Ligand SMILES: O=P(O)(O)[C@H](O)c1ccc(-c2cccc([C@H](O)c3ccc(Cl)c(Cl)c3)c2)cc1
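The chain below stands alone, shown as C-alpha cells; this is the form deposited without the named molecule.
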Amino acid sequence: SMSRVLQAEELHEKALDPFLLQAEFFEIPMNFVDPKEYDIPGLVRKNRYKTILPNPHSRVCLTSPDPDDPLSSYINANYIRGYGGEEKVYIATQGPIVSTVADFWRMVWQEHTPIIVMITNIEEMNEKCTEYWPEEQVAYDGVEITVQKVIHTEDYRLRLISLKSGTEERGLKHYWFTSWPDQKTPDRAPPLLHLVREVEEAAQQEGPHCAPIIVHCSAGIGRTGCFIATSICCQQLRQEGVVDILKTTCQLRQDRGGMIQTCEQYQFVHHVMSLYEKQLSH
C-alpha cells in the first residue's frame, strides 16, 4: 500500500536515521481489529491481549473438535503472506496460554505445520509463553507430541519433534530463539539474520508448497512481524537487489493487525537488512 524501495546505500543510511524511521513507521496504520468482531462469550479467555485480535479475513479457524462451536474453533492466529504475496507462508500467532496449548497443537496438526519459530527469551517463560512442549512426550486433543532431540546452538535451540495421531506420523522442527535483544542495536542483528536463514533453509527442505510456518512470541505481532518481515525482505534482496520494508510491513499489517509493533522493532529490521546487504556484497 505504501512503498519505499531501498537500494543498498539508502538502506544502510536509512537504518541509522531514527527520525525518518519513526516518521515513516508511525504513518503505517496498525489495522487492528475492532473487538466487537468477536462478540462471543468466553472468547477473551483465548486471547492474551484483549485488543490484539486476528483479522477475520486471514484468521486461522480450527475445525476440530466441534467446528460448529465458534469458541472451539477460535485461535488467535492469522495466515501471513510471504514474499511476492504467496499465500499462507506463515501463521503468526500468540504464545499459547494454558487454556490454548491444546488449540495451538490442533492448529499445528490441522495446518501440517513443519516449522515453529518461537522468539521468546528464557526470562519471559510462563509470562510471555506457556512451555507448550513436553520434556519427552505429551498428548493434546488427540495428537501425541514427542521431542526426539534437542540441538543447542549459540542463537537458538532446535527441537526435532514427532507428532502422531492415529496412523499418521509427521515431523516438526521447533526453533526457539533466545537472543532477542532488549536494545535493538546493530550488534544484535547477526543472530536474527542467522535464524532467518536457517529457518528459510529448513523451509526449502520441505519441498514444494511448504505448509505454513508458525511464528510467535507473546502477542504474535511484534517480534513475529520482525522475523517475518526480515525473512520476506531477505528474499526480496536476493531476488530484486532492493528491499521495501515499508511495503512488506504494510502487507504484514493487512494480514494481521500490528505486525512490527514498535519503531525500535522497525529499525531493527533495517539494521538486519543492512547487515545482510553488506554480507551479500562481501
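One-based numbering along the sequence shown.
Not pictured, yet referred to below: the form deposited with the named molecule bound.
When the named molecule is considered in the deposited bound form, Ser179 lines it closely, a heavy atom lying within 4.5 Å. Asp141 falls outside the set of residues with a heavy atom inside 4.5 Å of the named molecule in the deposited bound form. Proximity of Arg159 to the named molecule in the deposited bound form falls outside the 4.5 Å heavy atom cutoff.
A residue is said to contact a partner when one of its heavy atoms sits within 4.5 Å of a partner heavy atom; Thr153 fails this definition for the named molecule in the deposited bound form, lying far away. Of the candidate stretches 145-153, 67-75, 118-126, 160-168, only 118-126 has residues with heavy atoms within 4.5 Å of the named molecule in the deposited bound form.
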